[PDB]
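See below for the structure under consideration.
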Amino acid sequence: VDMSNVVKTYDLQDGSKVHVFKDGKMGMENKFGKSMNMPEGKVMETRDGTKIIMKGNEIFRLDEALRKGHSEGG
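Residue numbers for the sequence shown follow PDB author numbering, so the first one is 1 and each next one is one higher.
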């Protein structure tokens, strides 16, 4: 995964994990730490209570986090 090239990792309520990379892509793993492709068009939940989806090679993070949630860092 490399924690150096990821801006934020998302832990799914299912155990699976998503990472938004500093290169702009995203990587998904299952509750067993194994890498698998993230299904486009599907909105999924996190343990933290956020909803996310991969659409058009992008990532919706409640959408509005992309809207006005640009902080540069966090």
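For each residue, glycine too, the CB sits at the ideal point set by N, CA and C.
With 16 other Cβ atoms within 10 Å as the buried cut-off, status of residue i
i	result
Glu40	exposed
residue 134	For the chain, the structure presents residues 1 to 74; residue 134 sits outside this window and is missing.
Contact check, residue i vs residue j, beta carbons under 8 Å
i	j	result
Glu45	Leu12	yes
Coarse secondary structure for residue i, derived from DSSP in three states
i	result
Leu12	strand
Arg67	helix
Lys25	coil
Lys42	coil
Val6	strand
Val1	coil
Nearest-angstrom beta carbon gap, residue j and residue i [assumed within contact, 8 Å]
i	j	result
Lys25	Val6	Going by Cβ atoms, the distance from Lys25 to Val6 rounds to 10 Å, so no, they are not a contact pair.
Residue range of the unbroken beta strand (DSSP E) whose run includes residue i
i	result
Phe60	58 to 61
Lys51	51 to 55
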